[PDB]
Amino acid sequence: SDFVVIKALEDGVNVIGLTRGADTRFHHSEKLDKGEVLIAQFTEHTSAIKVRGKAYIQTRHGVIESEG
Amino acid sequence: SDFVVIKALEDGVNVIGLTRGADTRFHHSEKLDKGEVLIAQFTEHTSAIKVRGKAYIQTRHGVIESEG
Amino acid sequence: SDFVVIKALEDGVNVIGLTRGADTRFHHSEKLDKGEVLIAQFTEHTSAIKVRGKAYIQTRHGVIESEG
Amino acid sequence: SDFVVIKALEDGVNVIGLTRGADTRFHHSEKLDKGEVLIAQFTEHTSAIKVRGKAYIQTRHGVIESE
Amino acid sequence: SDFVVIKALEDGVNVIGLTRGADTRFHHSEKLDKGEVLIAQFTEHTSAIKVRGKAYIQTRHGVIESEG
Amino acid sequence: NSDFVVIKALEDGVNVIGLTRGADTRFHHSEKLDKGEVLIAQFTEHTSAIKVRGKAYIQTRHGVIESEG
Amino acid sequence: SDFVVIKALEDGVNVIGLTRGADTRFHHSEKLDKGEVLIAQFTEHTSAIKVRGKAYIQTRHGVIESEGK
Amino acid sequence: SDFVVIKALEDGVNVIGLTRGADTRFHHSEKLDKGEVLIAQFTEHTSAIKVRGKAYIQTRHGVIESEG
Amino acid sequence: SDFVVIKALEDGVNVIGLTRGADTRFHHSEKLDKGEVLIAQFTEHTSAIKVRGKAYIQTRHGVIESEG
Amino acid sequence: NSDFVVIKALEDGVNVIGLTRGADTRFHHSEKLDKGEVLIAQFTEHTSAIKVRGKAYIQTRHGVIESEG
Amino acid sequence: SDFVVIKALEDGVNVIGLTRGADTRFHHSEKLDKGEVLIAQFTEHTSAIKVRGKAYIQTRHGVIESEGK
Ligand SMILES: N[C@@H](Cc1c[nH]c2ccccc12)C(=O)O
Ligand SMILES: N[C@@H](Cc1c[nH]c2ccccc12)C(=O)O
Ligand SMILES: N[C@@H](Cc1c[nH]c2ccccc12)C(=O)O
Ligand SMILES: N[C@@H](Cc1c[nH]c2ccccc12)C(=O)O
Ligand SMILES: N[C@@H](Cc1c[nH]c2ccccc12)C(=O)O
Ligand SMILES: N[C@@H](Cc1c[nH]c2ccccc12)C(=O)O
Ligand SMILES: N[C@@H](Cc1c[nH]c2ccccc12)C(=O)O
Ligand SMILES: N[C@@H](Cc1c[nH]c2ccccc12)C(=O)O
Ligand SMILES: N[C@@H](Cc1c[nH]c2ccccc12)C(=O)O
Ligand SMILES: N[C@@H](Cc1c[nH]c2ccccc12)C(=O)O
Ligand SMILES: N[C@@H](Cc1c[nH]c2ccccc12)C(=O)O
């Protein structure tokens, strides 16, 4: 099952899980401060992930960067 | 399952999930502001995804860009 | 399961799902306006897809372009 | 399951599906006009696909052209 | 299942399916006229395929040509 | 889903011979190809080895090999 | 199942496993000192991993480096 | 399931199938004359194959030659 | 199932297996003298492995080196 | 569908020794090869380790290696 | 299932299997003299392998060398 790597490039970046299922709402928001790295799978509970704030992101499709 | 990465290049980009099944309709519209990134799977509920607004998109098939 | 990416290059492009099974007919036609992207799986209900109108298409086999 | 991409290069192209099973006959013919693209899987009901008319075809084994 | 692409380079090409099982005989011949393409799988009923007449053939192991 | 071999006859009377799967090994079928005909043949529940006699151009997943009559 | 490699680049690095399921919280924090390497899988109990502190990290998607506060 | 290609480079090349199971002995020898090719699988009955005589051999690990 | 290779670059390298499950603690420590190699899998009982001491390490993601 | 090793004897009397799978480990068979013969041998229900003694050229999925007598 | 190749570069190399499961102990030590090759799988009974003595080692991650005593 795949995962995504998120490195925060400033304080207060939010990595947000969206619920798997008929319903789509947030469920959890993990706060990363500058320099922290989160490596997060898709799961039974999470089928979409949003990143808000400035971060360096790696997936199986390559690098992408979110901007705050 | 496969997933798509979508980076909003302007405010109010919509990532819309179409229902899996005999019937096809929108079940969910996720609004991304400029610079946000959504990493979204195909799932039991979502078998097609439509992007409206300017965004940079990655899929297993490479890059493509939606335009406003 | 495989998917196809379709970017509409003009207004009114139609992405048409054909039914899986003994019977073959159109069960849905999704209209895309210019610059919209649709990423669409093969599914239990859809075993062939037809694109009509000017579009840029990616699949596992590479890029192809439909014309209006 | 694998699929074929067909792009019609002229009007009137036929993409014809052949029945899986002990017997072989055509169960559907989809007409493509010039510039339309069909992406079609092999399925429970279709184990062979015939293309008639001028089209650009892609499969996992690369490009081929019908005339 | 694997499949073979056969493009007929002259009229009257025959693509012949041989029965799966302890018995081997031809169960079907699909006749192709010049420039027709047939994309044919191996199946519960067809464990060998013979081509007669001039054709350009593609398989997973590359290109081969048959000559009449 | 099994592997397959492509055989192109380079002369008349080429034989593609199927050997039986199981405790018993014997020839169960011999397919005659004449010059320029092609046979694409799988390994199967009944065929666990394939013998080619005569001049033929053969492709497997391991590459090209040629049999000589 | 996938795993991540983490090499601590200073003392006191924490590799934090987050619980799998509807609930998200830290269930374990593994402390690494300078020079030590942890190779950790995703598991039934850990579906996200956070790294705090300076570390050199490899995953299937390539190298990334965490930086400490 | 894997297979070995054997091309006889002289008469009387012997391709020898060894029994799968707790016991090991040969259960079949298939002789090849010069220029014949044998493509043989590993099977429920054959878990090791010995080639005697001069032969050109392909396996998934490359080419090897037996000397007779 | 994945494995790591550990080559000890000095005496007393410590390869530490952490218990798989809701609880985390070490369940085994295998010490290596200089020049010894351990090739160890992830298993039902081990889901994280820590290396202490100077070692040359190979995994599917490349080479890494622990320092004592 | 297991892996297999290719052993080509470079001298007479090479031994390809199968070791028993399971809790116990012992030689269950030594196949003797003479110079120039090739054995292609799988891992199986009964054989989980293979020892080669004598001079031989060996191929496995990780490359070529040579045993010496 | 994966395997490792070990070629002894001196006499008396040991290839040691560690038990799979909750208990970890050596259950077998295979002695190789110089020039002999052992190709050994991970198994229901062995989930880690230690090599002691000078040996040339191939795994799916490439070449490694153990250095003797
Ligand atoms: N308990 C959460 C942990 C998690 C994994 N991926 C995430 C991405 C975003 C937020 C939380 C998560 C889950 O299993 O789904
Ligand atoms: N709850 C939705 C979440 C989702 C995943 N991918 C999406 C794409 C678009 C909109 C919503 C989604 C689902 O499980 O299907
Ligand atoms: N409800 C449709 C959605 C869909 C997927 N791919 C498509 C292609 C064309 C039209 C509709 C679709 C289905 O699950 O099949
Ligand atoms: N109902 C048909 C649709 C179809 C798929 N691929 C085709 C190729 C040709 C004709 C029809 C089709 C099926 O599932 O088999
Ligand atoms: N009804 C046949 C159709 C077919 C598939 N592949 C073929 C190759 C040759 C001739 C016929 C076929 C079958 O399912 O087997
Ligand atoms: N009836 C035979 C047909 C066959 C497949 N591959 C072959 C190779 C050689 C001879 C016959 C065959 C079978 O299913 O096994
Ligand atoms: N007992 C934990 C061990 C572990 C694996 N990966 C981790 C990452 C971080 C923290 C602990 C872990 C588990 O099986 O999940
Ligand atoms: N009946 C034998 C045929 C065979 C396959 N591969 C071989 C290699 C050598 C000798 C015989 C064979 C089997 O199924 O096992
Ligand atoms: N009867 C043995 C044959 C065998 C396979 N590979 C071997 C390696 C060495 C010795 C014998 C063998 C087995 O099935 O296991
Ligand atoms: N009987 C042992 C044989 C073995 C396989 N690989 C090993 C590695 C080291 C020592 C013994 C072995 C087992 O099946 O596990
Ligand atoms: N009995 C342990 C052996 C082991 C495998 N990999 C390890 C890594 C570290 C320590 C012990 C091990 C197990 O099967 O899990």
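Numbering of ligands and ligand atoms starts at 1, following listing order. The figures that follow rest on heavy atoms only: side chains count, while hydrogens, waters and symmetry mates do not. By convention in this document, chain letters (A, B, ...) are assigned in the order of the sequence lines, proteins followed by strands, and residues within each chain are numbered from 1.
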Heavy-atom pair of closest approach, residues I/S47 and G/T43
CB-CG2, 3.8 Å
Separation between CG (D/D2) and NE2 (D/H61), nearest 0.5 Å, reads 7.5 Å
Look up atom CG in E/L9 and atom CD1 in E/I57, then write down how far apart they are to the nearest 0.5 Å.
9.0 Å
Give every pair made of an N or O atom of ligand 11 and a protein N or O atom lying under 3.5 Å apart, one pair per line with both atom names and the distance to 0.1 Å, or write 'none'.
unit_1	atom_1	unit_2	atom_2	d
ligand 11	1 (N)	K/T19	O	2.8
ligand 11	1 (N)	K/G21	O	2.7
ligand 11	1 (N)	K/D23	O	3.3
ligand 11	1 (N)	K/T24	OG1	2.8
ligand 11	6 (N)	I/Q41	O	2.8
ligand 11	14 (O)	K/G21	N	3.0
ligand 11	14 (O)	K/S47	OG	2.8
ligand 11	15 (O)	I/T43	OG1	2.6
ligand 11	15 (O)	I/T46	OG1	2.8

One thing to verify: whether G/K31 and G/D33 come together as a salt bridge, which I'm taking to mean a side-chain N less than 4.0 angstrom from a carboxylate O.
no
Atom of A/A55, atom of A/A8 and distance for their closest heavy-atom approach:
CB-CA, 4.3 Å
Pair listing, salt bridge (charged side-chain N to carboxylate O under 4.0 Å, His left out) test, anchored in residues 39-58 of chain E, at least two apart:
E/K50-F/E31, E/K50-F/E37, E/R52-F/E37
